[PDB]
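# Experimental coordinates for this protein are included below, preceded by the sequence.
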Amino acid sequence: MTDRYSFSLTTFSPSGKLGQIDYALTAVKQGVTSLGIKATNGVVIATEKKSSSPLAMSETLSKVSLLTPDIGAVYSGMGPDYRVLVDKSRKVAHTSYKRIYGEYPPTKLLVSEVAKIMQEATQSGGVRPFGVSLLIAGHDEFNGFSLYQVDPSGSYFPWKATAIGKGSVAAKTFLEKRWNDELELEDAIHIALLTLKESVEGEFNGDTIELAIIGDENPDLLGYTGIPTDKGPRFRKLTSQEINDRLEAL
Amino acid sequence: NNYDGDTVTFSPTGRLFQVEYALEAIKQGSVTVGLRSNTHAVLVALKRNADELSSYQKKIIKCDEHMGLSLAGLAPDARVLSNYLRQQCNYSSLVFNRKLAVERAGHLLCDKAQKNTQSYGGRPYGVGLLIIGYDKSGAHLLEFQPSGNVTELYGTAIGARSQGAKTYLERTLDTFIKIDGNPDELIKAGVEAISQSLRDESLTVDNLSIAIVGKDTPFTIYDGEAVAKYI
Amino acid sequence: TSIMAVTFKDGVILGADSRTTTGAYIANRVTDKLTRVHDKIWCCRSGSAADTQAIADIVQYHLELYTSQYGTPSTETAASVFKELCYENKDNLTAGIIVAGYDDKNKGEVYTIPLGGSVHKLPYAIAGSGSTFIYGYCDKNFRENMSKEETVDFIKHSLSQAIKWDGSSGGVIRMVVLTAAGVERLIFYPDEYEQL
Amino acid sequence: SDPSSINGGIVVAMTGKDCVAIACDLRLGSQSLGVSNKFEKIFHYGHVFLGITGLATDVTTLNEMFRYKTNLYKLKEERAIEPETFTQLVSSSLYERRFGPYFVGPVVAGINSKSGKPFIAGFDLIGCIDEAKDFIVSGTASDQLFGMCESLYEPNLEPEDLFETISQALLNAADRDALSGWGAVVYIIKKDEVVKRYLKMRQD
Amino acid sequence: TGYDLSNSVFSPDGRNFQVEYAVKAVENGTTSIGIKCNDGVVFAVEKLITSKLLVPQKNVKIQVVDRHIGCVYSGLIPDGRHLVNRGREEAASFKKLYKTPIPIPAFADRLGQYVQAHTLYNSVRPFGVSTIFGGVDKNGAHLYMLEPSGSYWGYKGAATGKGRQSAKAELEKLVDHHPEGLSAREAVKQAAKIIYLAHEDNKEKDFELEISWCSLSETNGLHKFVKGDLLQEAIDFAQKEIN
Amino acid sequence: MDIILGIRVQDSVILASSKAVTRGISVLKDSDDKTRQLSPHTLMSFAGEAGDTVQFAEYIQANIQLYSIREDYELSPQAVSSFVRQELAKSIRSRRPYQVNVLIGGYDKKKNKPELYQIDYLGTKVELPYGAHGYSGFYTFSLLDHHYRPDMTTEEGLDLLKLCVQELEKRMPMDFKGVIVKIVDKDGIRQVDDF
Amino acid sequence: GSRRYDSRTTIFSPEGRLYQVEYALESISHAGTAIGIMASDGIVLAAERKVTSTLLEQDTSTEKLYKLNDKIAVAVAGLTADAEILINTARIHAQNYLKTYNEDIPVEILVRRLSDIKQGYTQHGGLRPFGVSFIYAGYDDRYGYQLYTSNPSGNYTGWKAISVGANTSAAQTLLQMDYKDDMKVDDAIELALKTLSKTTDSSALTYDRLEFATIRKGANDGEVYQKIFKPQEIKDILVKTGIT
Amino acid sequence: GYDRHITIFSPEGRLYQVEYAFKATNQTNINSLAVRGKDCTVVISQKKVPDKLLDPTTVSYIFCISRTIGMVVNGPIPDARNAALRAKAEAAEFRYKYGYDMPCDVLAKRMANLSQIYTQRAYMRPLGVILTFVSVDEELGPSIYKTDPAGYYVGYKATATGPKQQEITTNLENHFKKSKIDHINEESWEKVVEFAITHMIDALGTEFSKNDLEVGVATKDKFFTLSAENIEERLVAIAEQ
Amino acid sequence: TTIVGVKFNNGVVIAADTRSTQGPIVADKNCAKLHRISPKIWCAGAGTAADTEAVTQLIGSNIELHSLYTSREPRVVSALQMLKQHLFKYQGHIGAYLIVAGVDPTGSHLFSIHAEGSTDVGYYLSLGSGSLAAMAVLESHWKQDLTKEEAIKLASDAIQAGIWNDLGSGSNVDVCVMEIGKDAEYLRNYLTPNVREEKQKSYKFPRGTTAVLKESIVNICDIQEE
Ligand SMILES: [Cl-]
Ligand SMILES: [Mg+2]
Ligand SMILES: [Mg+2]
Ligand SMILES: [Mg+2]
Ligand SMILES: [Mg+2]
C-alpha cells in the first residue's frame, strides 16, 4: 500500500490553464444557486433546498452553516466537499486563532484560512481540487459587516452583493439594479427573496428556501446570562415561518 | 503486452508476465543438476566462462554446515537469497540451538519471493535455486522458482538444456536412490546425468563444480583437480 | 478498600464498601466501586482510583467492540483483557481488580488480578486493604454451591468485619448479583450491618 | 540557583482616570554583582506596553518573540493589537512551555483605542492571567510593591497625580530589595500621548 | 478502455477487472474441496504428479492455522501461503488479547478484510487464490470459502479449481441425500471419491490424494492429516466407485 | 578558562584575556589565545568549560564568515552580538548546553563608534562601556567606575587596563600567567605584543 | 501502479527548457499588469485589477499590492491564492531575520529566499510550480531604494523600472522611452499611470480598476513610509495627472 | 483519458469513478426498505441464496453496528463488511471518548466524511456500497440516515435502495400523501414490520416466503434481527387479513 | 481555594471564593474561578490556576467543535470523559482539580475530578484547601429535594465557611445556577462581605515630590506621511 501518489494531479497545460481548477469551476456552475447581500446593519445569505427525494427530510441537510457565532457560510457545487470544508473551517477557527488570541477570528482571516486549504488541494500530491465555491458572511468589531466569495483555486474577493452557481449571471444583474449603500437589513432580505425566486422552478416557500442573516446580537440565543460583554451570536438562521411572513409582503 | 509493465498487473487470462519473464532468465542460465540417495545429497553444476582469459562463474553457495544450493539465472539475486538463507539458518541455530529443516528453508524462500510479486515498485527475483541438505529426517533436495513455488524432489535439473538430465534421472530413479553409503557412485550418477545436457563442450577440470552433503559429511564444494577423478 | 466476589449455585455476587480516601480524609463516603464492563461482567476496583477507572473504561471499550464483532465475550476473555493492561503496564499502574461474570455455559466465574498482573481463577476472591482482616473468616465460612440468601449473608458479614477493622473502608455495603434472571443492585446501611 | 532571582528587577502598573501607568527599575545583575544600570524591562508593540521581570535571557527572548508575533498580527489583521487581545497571546505563549517554562513575570498595560478604557494585567511564569482593576506588581520585590500599592493607591487619579503615586511605589519598594534599583523609568499613558520619565534614585 | 490495467479502478459497469483476472488464475489451479459434517469439517486436494522424481507424500499443500483451523486453496500457491501467514498472525493476536482461540466466523472476516484491502489500491495486486477453510469452535463446525474480491460465505460444501463444476454437482447430491447430516468418517470417504471424480478435468497426469479433518469426536476438535490405513481405505473406496 | 576583560574608549575597543590553561593539577600551557576573529572589525573573547569554549567560538566564527561571503558585507557588531545571544539562549534549554561566556568587541564602520557587548552562557546580553566575566569584575569594576571617561584615548585605556591587571595579580589566588591584549578600531584588529 | 498518472512536472524538454515553468509563465501573461518604477527619492507600485464589477467592495479589496514588512512591498501577477502562500512565507522569513539579527532584513536576502523556494518546485518533489511573478519594492540602508522581480523558475533580477503580467513588451518599451535616472517620485507616479493607461485592455483607466502604492522617504526625517492608496486618493491622483 | 480511472474532475466537472461506484451498488440484485413507527425503526431486505451448497444462515447484508444502531448495505459483500467493521470501530471509539452512545445521524456523517475523502484522494477508491443506518435515537426518536459513494447523506421519513428503488419509493410517497404524517402510526413494531413487508410486496409485485426476506428492527436501547420463524409469524398475519 | 457544587430539584449550582495566592501573598483579591466549558456546562477549579484554566478552555474548545459536528447541545459526561483522559495521560503533572456541573438533554449533572484522572458522582461536593470547612457545612445542612433558593443558600454558606476559616480562601462568593429548561445565570460577586474600610489618611502626594532626571515624548504612532 502506502499513498504512492506523491506528485501533482493539477498541472499547467501548454496554454497556461490549470485544467483541474477549470473543471472544478464547471462543477460549481452546475450547482444550485446561492447568493449574498450586504446592508448597512447586516448581511444576508440564501439558497434553495433542492431536495433529492420527497421522502428525504431536507431539514436534516444544512446548506447554510454556522462557522463562528458571527460568521456563516453557504455554497454552490459539490455538497460533500462543502461539508468537510465546514468541518475544517470550524476547527481552524479554533486551532489557528481562538486557542491563541482568546477570541473568534475576523471574517477576512477565517476566509483566508479556508482559501489556503483550497489552494493546497490544487498543488499537493495525489489530490483533486475542491468542487465548490463558498459565500462567507460575517461581522467583527473593527471591520464591521462583510461578505466574501471563495473559489476552487483558493482565490477570494469581497462583495457588496453577489451570486454563484446555476443562475448567477442573471442574479448578479438583478442585484446591480437594486443595491445601494443605504439599505437596511429588512430591505436586503426582501431583495434576496426577490432575486432567489427567479432561479427557482418549483415550490417557493419557507420549507424549500434556506436563509440566514448576520445582524444584531441575539442575547436570547446565548444560553446564559451574567456577563455584560457577552451579548450573543450575530448569526441567525431564519425559520420556515419567518420566511413565509416576508413572502406575503413580497 | 499491455499487462507486462509491472508485477502488480494480472493479464486477462490471469497471468503475471513479469514473473514469467523472470522465469525466462533461468532458462538462459547454465545447467545444474541435483540428486539424492537416503544417506547423501549431491549437486553438480556446469560453470560458464566469459571467454578463454576469464574465470568460470561459480554456481554453488554454502548456506550452513548441513545445507547449500546451486544457482541458475541472475547471480546477484542468488547472493541476496542465499544471504537470507544463511541468516535464517543462523537465527535457528542461535535462538533455538536447532539446525534449520530443509523443508522450512523452502517455505521461507517461497514467502520472500512472493512479496516481490504483489507490490508496486519492486521486481521478481531472476534466479532459480537447487537446495540440498541433510537434517533430522535425512537427505533432501529442493527446487526454487522465483514465482515462489518450491518443490521437494529425488532429483532434478534447471538451466539451459536441463531437460536431458531430468529425463535421465527419471529413468535412473530406482538405481540412484539405492546408492547408500557410497559417495563416489552417487556423484558418478550426477556427473553422468549432467552429461546428458552437454553439446559441443565437455566436462573439463575448471568447467565442473560438485557439492555433497550427507550422514557424516558436511556441505563441501569440489573444484579444480578435486573433480579430475570424476572426469 | 474492602472488595470481594463469590460464586454460588445460581451465579456470582460482587461486594464492596463505599469509602474513598486521600490520607485520613474521606474524599467520598458514598462511592460506587462495583463497575460494569459488560451486561453481566462487572469488576471490583482497588488501588489508585485514577488507574482503575482508566483501566475499566478501556476494558468496557474493548468488550463493546468485541461484542459488535464476535458476540458476548466470556468472563475469561474479560479477565484476559484486564490482565493484558495490568501486566504490560505494571511499572506505571497501581491496580488490584477482581473480575466477576455470568455465562449460561460457564455459569458464575471469578478471576482476581493482583498488582503484578497475574491471573488467578478462584471460587471466591477478596482484595483491598480491608481484605487482610477477613482471610481467616472467609476461609472458614465459604462453601461451594451456596444459595443467593446465604451468599448475601456471607458477603455482608465478611465486609462488615473488614469495615470494622480497616479505617480505609466504610460507608454503605454495595452488592451486585449476577444470575440468569438478570442484574440486581443491593445496598446495606451502617445501622444494619454494624449490629451483626 | 533559583532562575527567577539570578538577575533581579521589578515592574509595577496602575490605572487612573482615562490613563494607565507602567514602571520598572534598570538593574541587571549576576546575583550579588551589579552588571548593568541601563537594562530596561518595559517594551511596547504599538500602543500596548509589556513589562517583564525574571531571568534576563528569557526577558530578551520573549520581547523578541512578542515583537515577532505582533508584527505578523499587524500585517494580517491590518490593525494594531489591543491590550485585551495581547494579554491572551502572552498567556497562550507561556502555557505552550508548560513543562519547560520561561522564568518570567510579565505585566501588560494600555488603553483600548476604540472604547478608551484603561487596561492592566499580570501573569505567572506559566500563563495564568491576573486582571486587576487597580494595580499589578512583579519581580524580586513584589511583596514590597504589594505593600506600597495597597496603601498609596486610590481610584480615578489624574495623570500627573498617578505619576507621583506609582513613582513613590516603585522607588520605596526597590530600596528594600538588594537585587532591584540602579535607576527607574515611569511611563504615563493617555489615549494619544505617552510620556517617559527617568527618576533620580540612590545607586546602591 | 484501460479500466482493466490498474487495480481498484471501477469500470463503467461498476466492476474491478483486475479482481476478475485473479479469478482466472484460481480457475487454472488444481481442484480442492471442503465438506461440512455432523461435528466438524473435511478438506481434500488434488496434487498433480508432474514427474516420477517428485517424492511421494512430501510436498504438503493443506495448511493448519492455530490448532483448530485447516486451510486449502487453488491457484497461485505462494499467494495462498502469504494469506495463511497473515491468518496465523491474526489468530495469534486474537488469542493473545482475548485468551480463547479465534472463532471460525471471526477468523473468516480477518482473512476477508485483508483480501478486500488488496482491492482498494493500485499499488497492490489482488490475491490469485480462492481459499476453503474452517474448523470447530464453541458454536460447532463451520466451513467457509473466500474469493479474490474478499467475498466469503458459509458453506455446507465447497469446491474450487479446474474441476469445481464436477465437484459442486457431487457435493449437491450429498446435501440432498443427507438432510440429517454426514459423519466425519463418511465425509473422508466421500471427499476421496469427489477428488477422484474431479480428476477427469486433469486426466493427462496422474495425481496424489491429500485429505485432512477436524472433528469433535474423531480428532477432539483439532486439525489432523489423514494418514496410513485410513487414507488407504479412502483411496480404495474412491477407486471402487470410479470403476 | 579564567579572566576576560573589555573596555570601550573614544575610538576603539580593547579586550584582555589570560594565557593560562590548567588541567586540574598542572598548568599545561602559558601562551593560550582565548579569542577568535569573527570578522575584520569584530573580535570575540571567551571563557567557560573546557572544549565547549573553542567549539562554540569556532562554530560562531564559521557562521559569520559564511554570512560575509554570501552577502559580501560585514555585519554590524550589534547584529553579530544578537546572533550570538540567540545561539546561547537556544543552547541553555538543550540536552547539553554550551557552558561559554563571551565578550564581543567591534567597531561599527557605519556609525564610526566602538561597541562592547557582554553575553553569558544563558544568553544575557548587555552593551557596556566596560565589562568582564567570572570573578574578574569583582576586582576591576571599582577601578573602572572611578577612572573611566567616555572620551579616553586608546593609550589611556591600556593604562587603566594595566591597573586592572595589577590588581588581579595582587588579590586573585590563581596564577593566570598574564594576559594577551587586542585592540579593535577603524583599521581592524591588532595584538599588543608587549604587556 | 501510480506511475501511469504522473505528469512528471520537473523534467527538461529536448531543448533544455522546463515545461511547467514555461507554461506557468504563459498563465502569468494573462494577469493584470503591474508596474514598478524606482526614483531617487522613492519607489512607485501601480497595478491593474482584472475586469471588476460595480458590486465589488473595493475599499476592503486587495488582489495586487501586499505589505511584506514596513520597508518592503510586493506587486502580484498570476494566481492570487498561490501568491498568498508565498507572501506569508516571506513575511515569516522577514520576522525570523529580525529576531535573529535585530535588524530589518535586507531586500535582496528576502528576494533570494522566496526565489529559492520557487526553484525547489522545479527540481524536486514532483509538484506543480507556483504560477506567480512578483515585483519587489523595498528600502534598506545598504543599497537604498530597490526594485526586483522573480518568476516561477526562481530566477530574480534587479530593475530601475519593470512590468509583469499582461502586455509587458509594450509596457517595457514605453518605460524605456520616458525613464531618466534623475527622476523624482511625483514624475514616476505620472509615468506609471500613463503607461498603464496606454497598455490597458480596458476602454478607460478609472480609480475602481487600480491599486496604487508609494514607498517614500517623504516620511518626517530619515525614515521610510509605505502608502497604500485609498480609492478616493487614486481618484484624486488620476485628476491631478490629467487622465480623468 | 485517465480522468476516468482516478477521482479527478472530468471537463464537465464530474467524477466518473464515483458514478461507477454507484453502479457497483446494484451488483447483488437486492432491494431494501426502511420505515419509522411511533417507537421503532424497521428495515427489510431481500435474501437470495442461489447455491444449495451455501450455509444460508451466514448469508446476510444487515449488520449490528452497536447496541442501538443497525446498518443494511446495498452492494458487494467485501465492501459491505469493510464498511461494517469501520462503522463498528467508530461507534465504539465515540462511546469511549465522549461518554455516550454515538447517534445514528452522527455515525452516518462520519462514514459520509470518510467516503468524501475517497472521492478527493487519488490512491483510495470509493466503496461500491450504499449504507442505510437505523436507530431509535434518544434525542431525535426513530431515525433513518443513508450514505452513498459520493459522500452524500440525509435523514429520511422512509427510504428504499436497490435496482427497484423507484417503485418502492413512489409506493411509500403515495401512502404518506394520504396519512399526512411523517411515520407509521402504530404502537407495536410487529405491525410496522407487517406494514413494511406488505408495501414491498405491493411495490415489487412478488410474494415472499420466510427464507426470501431479512428483517432488522430498532427499538429504544436495542437493534436486533428477526429469525426465519419470526418472519414466518409476520407473513402468516399478513395473509390472514 | 474553596469550591462547591450542590444538586437541587430542577438543576445544579456551583460556587467559589475569589482569592488567588502565591505562597502567603494574595495575588488577586477578586479572582474568577467559575469557568464556562459551554453555555450550560460550567466548572470550578482548584490547584495550579493556569492548568485549571488551560484544561477548561481546551476541552471547552473541543466541546464546541463536537457540538457543531453532532448538531447536539454538549453533554456533561462528554466534558468529564475528555477531561479525565487528558489528565490521566499527564499523570497528575497538569495540576487541575475540578468540580464539573451542568444541564443537558439528559438532565442535570454534578461531578468532580482529581488531577490524576479520577472522577466521582455526588449530590454535593467540595474541592480545594477550604474543602473540609465547606464539606462540614454541606454535611450539616444538605437534604434531598432542595429548592433553588435553598441550594444557592447552602452553596454560598459552604463557601463562606471556607472564606472565614481557610487562609487559602477569601474575599467574595461567586455563584452559577444551572436549571433545566432555563439559561444558566452567572452571579458574579453574589456576596461581598469583605469591603476594606476607609483609610485614616490620604496618601496623595504634592506635585513635584519625585526627583526627575529626564523627560521625553514616546513615539507610539507609526511612521508619518510627508
Ligand atoms: Cl469526520
Ligand atoms: Mg471504618
Ligand atoms: Mg536596592
Ligand atoms: Mg549595593
Ligand atoms: Mg480515489
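Received the coordinates, thanks. Numbering: from 1, shown residues only, chains lettered A, B, ... in the order given. Ligands and ions are numbered 1, 2, ... in the order given.
# what's residue H:17 in contact with, if anything?
Applying Cβ atoms under 8 Å, 6 or more residues apart in numbering or on different chains, we find residue H:17 in contact with E:9-10, H:4-7, H:119, H:125-126. No exception for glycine: its C-beta is placed from N, CA and C like everyone else's.
# I should have written residue G:121 there, sorry.
G:10, G:127-130, G:152, G:154.
# distance of residue I:117 from residue C:51?
Applying Cβ to Cβ, to the nearest Å, the value for residue I:117 to residue C:51 is 8 Å.
# go on, residue F:63?
Residue F:63 is 50 Å from residue C:51, by Cβ to Cβ.
# quick one on the thing from earlier: in strands, which of the contacts of residue H:17 fall?
Secondary structure defined by DSSP state E assigns none of the contacts of residue H:17 to strands.
# Let's have those in TSV, adding neighbour count and distance to residue A:50.
Listed next are those as TSV, based on neighbours: other Cβ atoms under 10 Å in any protein chain shown; distance: Cβ to Cβ, whole Å:
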residue	neighbour count	distance to residue A:50
E:9	21	31
E:10	26	26
H:4	20	27
H:5	21	30
H:6	25	28
H:7	24	24
H:119	23	20
H:125	26	28
H:126	27	23
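# just those residues that are near chain A?
Subset of these in contact with chain A: H:6-7, H:119, counting by Cβ under 8 Å from any Cβ of the partner chain.
# Out of those residues, flag the one nearest to chain B.
Within the ones next to chain A among the contacts of residue H:17, proximity to chain B (Cβ to the nearest Cβ) peaks at residue H:6, which comes in at 14.6 Å.
# How about the contacts made by the closest one?
By Cβ under 8 Å, 6+ apart, the contact list for residue H:6 reads A:9, E:9, G:5, H:17, H:122.
# nearest to chain B, of those?
residue E:9 (11.5 Å).
# Quick check: chain neighbours aside, which residue is closest to the closest one?
Take residue E:9 and drop its neighbours on the chain: the residue closest to it by Cβ to Cβ, 6 or more residues apart in numbering or on different chains is residue H:5, 4.9 Å away.
# Pretty sure the one you found sits against residue E:1.
No. Counting by Cβ atoms under 8 Å, residue H:5 does not reach residue E:1; the two are 10.4 Å apart.
# so what's residue 105 up against?
All of this is about chain A. Contacts of residue A:105 (Cβ under 8 Å, 6+ apart): A:68, A:71, A:93, A:96-98, A:113, A:140.
# The intended chain is chain G.
With Cβ under 8 Å, 6+ apart, residue G:105 has these contacts: G:69, G:72, G:93-94, G:97-98, G:140.
# Repeat that for residue I:170.
Counting by Cβ under 8 Å, 6+ apart, the residues that residue I:170 touches are I:17-19, I:26, I:29, I:163, I:194.
# residues in chain H within reach of chain E, list them.
Residues of chain H lying near chain E (Cβ under 8 Å from any Cβ): H:1-2, H:4-6, H:16-17, H:20-27, H:52-55, H:57-59, H:76-79, H:81-82, H:85, H:123-126, H:128.
# one more time with 6 Å
H:5, H:17, H:20-21, H:23-24, H:52-55, H:58-59, H:77-78, H:81-82, H:125 (Cβ under 6 Å from any Cβ of the partner chain).
# Break down the chain into its helices, ranges please.
Using chain A. Taking DSSP state H as the criterion, chain A contains helices spanning A:19-30, A:79-93, A:99-101, A:107-120, A:168-178, A:185-199, A:240-248.
# You answered for a different chain; I wanted chain H.
Going by DSSP H, chain H shows helices at H:16-24, H:77-98, H:104-120, H:165-179, H:189-204, H:228-239.
# Let's check: the centremost residue of chain E is which one?
Central residue check for chain E by Cα atoms, centre = their mean: the C-alpha nearest the mean position is that of residue E:132, 2.4 Å away.
# For that residue, pull up the helix or strand it's in.
strand E:129-137 (DSSP states H and E).
# Listing partners with orientation, what would you give for that strand?
Partner strands and pairing direction for strand E:129-137 (DSSP bridges) are strand E:69-75 (antiparallel), strand E:140-146 (antiparallel).
# Would you pull up the residue in chain C closest to chain D?
residue C:92 (17.7 Å).
# ok, now how distant is that residue from residue I:116?
Distance check for residue C:92 against residue I:116: by Cβ to Cβ, it reads 12 Å.
# Equivalent analysis for residue C:193, please.
31 Å.
# Write out the residues of chain E neighbouring chain C.
E:98-100, E:106.
# Who wins on neighbours among those residues?
Ranked by the number of neighbours (other Cβ atoms under 10 Å in any protein chain shown), the residues of chain E next to chain C place residue E:98 first, at 23 neighbours.
# Verify the contact between it and residue C:77 for me.
Yes. Look at residue E:98 against residue C:77 with Cβ atoms under 6 Å: they come within range, at 4.7 Å.
# related to what we said a few turns ago, so how far is the strand holding residue E:132 off the chain centroid?
Strand E:129-137 has its C-alpha centroid displaced from the chain centroid by 6 Å (Cα atoms, centre = their mean, to the nearest Å).
# Give me the contact list for that strand.
For strand E:129-137, contacts defined as Cβ atoms under 6 Å, 6 or more residues apart in numbering or on different chains pick out E:26, E:32, E:34, E:40-41, E:68-69, E:71-76, E:79-80, E:103-104, E:142-147, E:158, E:160, E:214, E:216, E:221.
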